[PDB]
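A short worksheet on the structure shown next.
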Amino acid sequence: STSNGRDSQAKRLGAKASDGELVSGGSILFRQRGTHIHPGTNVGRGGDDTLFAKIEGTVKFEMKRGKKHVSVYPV
Amino acid sequence: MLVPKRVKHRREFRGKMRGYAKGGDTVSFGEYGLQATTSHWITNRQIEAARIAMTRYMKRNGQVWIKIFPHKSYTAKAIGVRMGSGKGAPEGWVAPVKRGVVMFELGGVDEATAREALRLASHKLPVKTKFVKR
Amino acid sequence: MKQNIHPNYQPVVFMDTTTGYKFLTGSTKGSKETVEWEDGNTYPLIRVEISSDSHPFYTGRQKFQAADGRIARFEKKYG
Amino acid sequence: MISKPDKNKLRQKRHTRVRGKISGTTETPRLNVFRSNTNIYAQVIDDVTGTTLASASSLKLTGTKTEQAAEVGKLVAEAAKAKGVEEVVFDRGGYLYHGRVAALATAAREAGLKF
Amino acid sequence: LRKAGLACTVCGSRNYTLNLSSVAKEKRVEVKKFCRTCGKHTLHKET
Amino acid sequence: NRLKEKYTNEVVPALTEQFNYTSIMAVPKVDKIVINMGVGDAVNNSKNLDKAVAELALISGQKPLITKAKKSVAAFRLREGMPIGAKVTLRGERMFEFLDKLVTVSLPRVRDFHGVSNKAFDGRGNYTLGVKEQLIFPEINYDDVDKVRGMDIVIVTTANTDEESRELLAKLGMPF
RNA sequence: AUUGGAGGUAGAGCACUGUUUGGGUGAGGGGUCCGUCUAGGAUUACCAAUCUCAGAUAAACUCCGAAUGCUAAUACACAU
RNA sequence: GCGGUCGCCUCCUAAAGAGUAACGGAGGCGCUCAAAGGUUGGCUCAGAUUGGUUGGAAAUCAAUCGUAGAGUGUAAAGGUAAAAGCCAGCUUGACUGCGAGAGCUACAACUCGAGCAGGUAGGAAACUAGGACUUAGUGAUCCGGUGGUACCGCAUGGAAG
RNA sequence: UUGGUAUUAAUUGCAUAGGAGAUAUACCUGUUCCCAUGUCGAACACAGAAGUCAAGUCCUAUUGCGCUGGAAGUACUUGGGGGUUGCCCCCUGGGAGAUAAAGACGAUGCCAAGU
């Protein structure tokens with residue numbers, strides 16, 4: 001044998017919009033079981049510890065704190 | 001021959017073999033070298049098998065070195081076994097070669113002596129090295 | 001301080017008499033008690049009358065251990 | 001054996017811990033929580049244009065016994081009502097709610113500001 | 001090991017379902033929650 | 001106290017002789033003690049050590065607390081545990097309620113060759129010390145000293161000056 | 001096609017986790033003898049306790065970091 | 001054919017979005033925790049070195065250095081100091097009724113979730129709270145229980161169901 | 001000369017050297033009051049500000065270190081093309097890392113006062 005038919009079911013990790021889009025209030029931003037990016041205004045961290053929006057508007061990235069971030073700038 | 005005494009992954013991949021030397025591509029702690037103009041999977045028994053011949057000609061000298069360490073747990077399979085159903089046995093240890101690889105350091109070595117057991121290692125290496133100065 | 005020290009400082013009715021130089025308070029021993037004797041819960045004698053020079057490394061330098069050393073092992077006229 | 005590590009850096013340390021529970025600076029500016037060894041400042045701060053600041057404290061612009069005063073900055077707290085910001089962000093910083101913090105804090109709560 | 005439910009005074013005799021430590025602790029679980037007339041808590045019980 | 005005054009006024013010369021002159025409010029100065037069993041030994045019952053905690057309440061610095069070892073030793077199987085040997089961690093004017101023991105009572109009681117501890121170099125102006133038994137502190141010690149379970153004694157200056165610390169303790173009471 | 005992001009892949013060097021070549025660095029652990037109040041001071045010896053300097057080394061190393069591609073908007077072209 | 005394997009989570013193989021091949025590698029999990037959960041309020045580790053009676057390589061201590069070279073209930077991954085690390089108090093929100101909006105994609109499923117109501121619980125207030133640092137810790141319908149049930153109750157009432 | 005606050009994020013921090021304490025901050029004095037402590041005025045808190053620049057602080061100077069920072073060239077590579085191919089070469093477009101010439105002992109606002 002191998003003891004290696006033991007399997008992992010991969011799943012979708014990464015981005016959803018990532019670029020200034022008019023993403024819906026309470027909509028998904030970036031799947032994270034582990035935070036590379038870090039939150040901001042109009043943005044919630046999930047029970048799935050992702051980033052989810054709260055209010056529509058542009059969702060550009062910011063280098064706050066010497067670190068990677070997402071808020072939502074309105075309009 | 002000489003073995004990495006502890007290993008966190010006793011199987012490897014076969015790796016690749018592309019292009020040119022990575023680092024150690026000049027002679028560092030010798031006067032002489034032999035540029036690997038080719039690339040293979042050199043085996044530790046073949047290397048030290050060259051090195052006792054290097055003692056035989058190169059009798060009384062000190063810091064005459066090979067450079068590499070055999071890093072690769074190379075693994076073959078057996079007779080009549082079908083394809084797969086597991087991966088086989090780690091028979092030993094190998095280092096990779098690139099083109100342009102300097103392999104040899106030579107200290108306290110004359111020019112006339114500096115081709116000879118080296119020239120036997122031309123018959124004791126599966127690679128096409130050649131004579132190199134600093 | 002703790003409030004209401006249920007550990008020690010408890011006042012045994014004694015005296016830290018002379019050259020320990022303490023009297024009595026919420027205190028229990030040694031260097032802690034108070035600095036006076038001129039009212040006298042008890043009176044300052046019961047421990048000692050000679051100071052830290054009560055240590056015999058220095059008690060009038062404590063050379064009363066001398067003489068010793070050179071009569072070890074031979075200044076004699078026997079044999 | 002060295003010394004105590006300094007209270008100002010430790011209260012800007014804890015102040016940086018607390019501030020994320022605090023902020024909302026624009027449209028509800030923050031009145032500080034400060035202490036000197038002596039006497040404490042008074043400032044209301046939005047994003048950077050933190051409109052008014054004053055001592056109310058021991059460097060020559062003070063109440064007399066500003067320690068356990070009412071005016072530990074209640075003047076400046078009423079000056080927040082002179083701006084027009086009156087139920088706004090009040091700090092905590094690296095500070096107990098118990099000490100002379102409570103004087104200006106509860107006294108501003110008397111002065112018609114919130115917490 | 002661990003399997004229990006949670007009762008109350010009336011609650012249809014059972015409100016919540018939880019097992020917390022029915023072999024480690026083994027005393028009692030007492031949890032106040034909301035009833036069918038939520039808007040007020042009551043102190044709640046265990047099956 | 002008493003050695004406040006003879007401290008400051010007797011070091012005003014040693015101000016000038018030693019390192020800093022003119023820093024007349026902040027010169028070198030003592031810090032504290034720590035007084036500990038630290039025996040280990042807890043694996044037997046820990047209860048005999050819980051009479052060493054009454055030995056530390058008996059020497060009566062302050063409340064006799066205890067420490068937990070970071071890892072619990074395989075050679076001692078103790079499973080980290082809070083009783084290990086006692087703790088005070090005594091400081092200040094309580095030290096100044098404690099030093100006249102050290103200079104006119106304690107080692108001048110135990111008479112053991114003026115207790116030389118010149119080995120105690122803590123790098124920066126601190127100075128260790130130990131003790132085996134304590135027949136120290138009259139009318140407190142006896143009728144339970146069938147074995148003194150130990151104690152350790154570490155003085156510490158504010159200064160990093162080891163030799164001026166030697167002149168700072170050995171200024172008063174104990175030669176080495 | 002331009003702009004916007006994202007991804008660490010190839011490559012590299014080693015910045016960490018791994019392995020490892022020398023050179024320096026050293027308790028100690030075994031070779032005189034003084035010698036079992038008496039331990040030892042030792043002699044050199046293998047690693048020389050780390051660390052230091054070059055030399056590397058990797059799929060499960062990455063302080064970095066592509067070119068490609070993917071996506072967003074816009075532009076132009078179309079017709080889906 | 002034998003052997004093994006047949007579920008779910010984690011990393012490589014994955015080719016710089018995802019996607020993932022083989023009887024490929026590496027591991028596992030088939031849980032605990034009424035407090036390791038919430039909240040408030042504080043704290044910073046491991047380790048190195050010195051020095052100190054029992055003494056050890058570490059028991060303890062103190063000092064010095066110390067970006068985490070620890071820990072994070074539980075493997076691994078990511079994350080991790082405004083701490084998710086550590087300790088105290090309150091504490092039972094590991095609430096009810098939801099749920100816009102989303103993501104993921106044969107379906108079934110699954111991942112969240114703004115905000116609102118009903119009251120709550122801490123917290124002075126603000127603020128937070130629909131389990132745990134996130135991710136294993138779990139299975140379709142039936143059928144029979146458990147309780148409630150303004151429902152039906154076979155002409156009619158009830159009862160049976 | 002400060003102190004307070006943000007922002008830029010280690011060109012910004014460290015190390016060394018000097019100054020400033022009187023504006024102030026700070027160090028501190030005591031425990032009385034509230035609050036104190038797995039102990040303790042340590043810490044925190046309260047009250048005072050004796051003494052004080054010793055330290056923190058802040059300013060100034062220094063590239064000793066860390067920090068930042070390219071290149072030219074170059075690895076790699078789209079698209080295309082060729083040859084003996086577990087491969088290599090070439091065109092075109094892209095273009096690193098390392099280097100690395102160099103910067104660097106911060107900078108920008110926001111308030112009370114020796115300003």
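Reconstructed Cβ throughout: ideal geometry from the backbone, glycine too, with neighbour counts over all protein chains shown. Nothing in this text is a laboratory measurement; each read-out follows from the coordinates by a stated rule.
Here are a few things to note about the model shown:
- Size descriptor, Kirkwood hydrodynamic radius, that averages inverse alpha-carbon separations across the protein assembly as shown, Å: 35.7 Å
- Chain F - charge dipole about Cα centre, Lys and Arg +1 at Cβ, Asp and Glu -1, debye rounded to 20: 660 debye
- Listed residue (C:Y21, C:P7, C:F74) projecting farthest to the positive dipole end of chain C, Cβ model: C:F74
- Pairs exceeding 26 Å between alpha-carbon atoms, taken from C:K22/F:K29; C:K29/C:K63; D:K60/D:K114; C:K2/F:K68; C:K29/F:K6: C:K29/C:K63; D:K60/D:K114.
- Whichever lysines have a C-alpha closer than 16 Å to that of A:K60, once near sequence neighbours (fewer than 8 apart) are set aside: A:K16, A:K68
- In percent, rounded to a whole number, the relative contact order of chain D is 29, using alpha-carbon pairs under 8 Å and six or more apart.
- Per residue Cα convex hull volume in Å³ - calculated over segment F:1-48: 131 Å³
- In plain terms, the C-alpha convex hull of chain A casts an average shadow of 6.3 nm² when viewed from every direction.
- Taking the Cα centre of segment C:1-71 as reference, the dipole from Cβ charges on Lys and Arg (+1) and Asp and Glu (-1) amounts to some 380 debye.
- Whole-Hz Karplus values for segment F:100-111 come out as 6, 3, 5, 9, 10, 10, 5, 6, x, 7, 7, 6 Hz, taken residue by residue from phi with 6.51 cos²θ - 1.76 cosθ + 1.60 and θ = phi - 60°; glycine and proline positions read x.
- Cβ-placed point charges (K, R +1; D, E -1), dipole of chain B about Cα centre in debye, nearest 20: 640 debye
- Checked against a 26 Å cut-off, the cross-linked pairs B:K5/F:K70; B:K72/B:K98; B:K22/B:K128; D:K4/F:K4; B:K16/B:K67; C:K32/F:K4 give Cα-Cα distances beyond that limit for B:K5/F:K70.
- Integer Hz, Karplus 6.51/-1.76/1.60 couplings in order for segment B:125-134, x for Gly and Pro: 10, x, 10, 9, 7, 8, 6, 9, 8, 6
- Straight Cα distances below 15 angstrom link F:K63 to the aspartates and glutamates F:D50, F:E55, with same-chain residues fewer than 8 positions distant left out.
- Spin-label pair C:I50/F:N48, simplified geometry with 7 Å Cα→Cβ offset, distance in nm: 3.7 nm
- Take the Cβ atoms of A:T41 and F:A75, set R0 to 41 Å, and the FRET efficiency comes out at 0.15.
- Percent of beta bridges antiparallel (DSSP, segment B:1-113, rounded to nearest 5): 90 percent
- FRET efficiency for the pair C:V35 and F:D143, taken as 1/(1 + (r/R0)^6) with r the Cβ-Cβ distance and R0 = 45 Å, rounds to 0.95.
- Counts of other chain beta carbons within 10 angstrom of each beta carbon in peptide F:106-113 average 5.
- Selection from B:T55, F:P108, F:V12 lying farthest towards where the dipole of the protein assembly as shown points positive, charges on Cβ: B:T55
- Take every pair of alpha-carbon atoms less than 8 Å apart whose residues are at least six positions apart; their mean separation over the length of segment F:1-147 yields a relative contact order of 22 percent.
- Here each label is just a point 7 Å from Cα along the line to Cβ, and for B:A49 and D:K13 those points are 6.4 nm apart.
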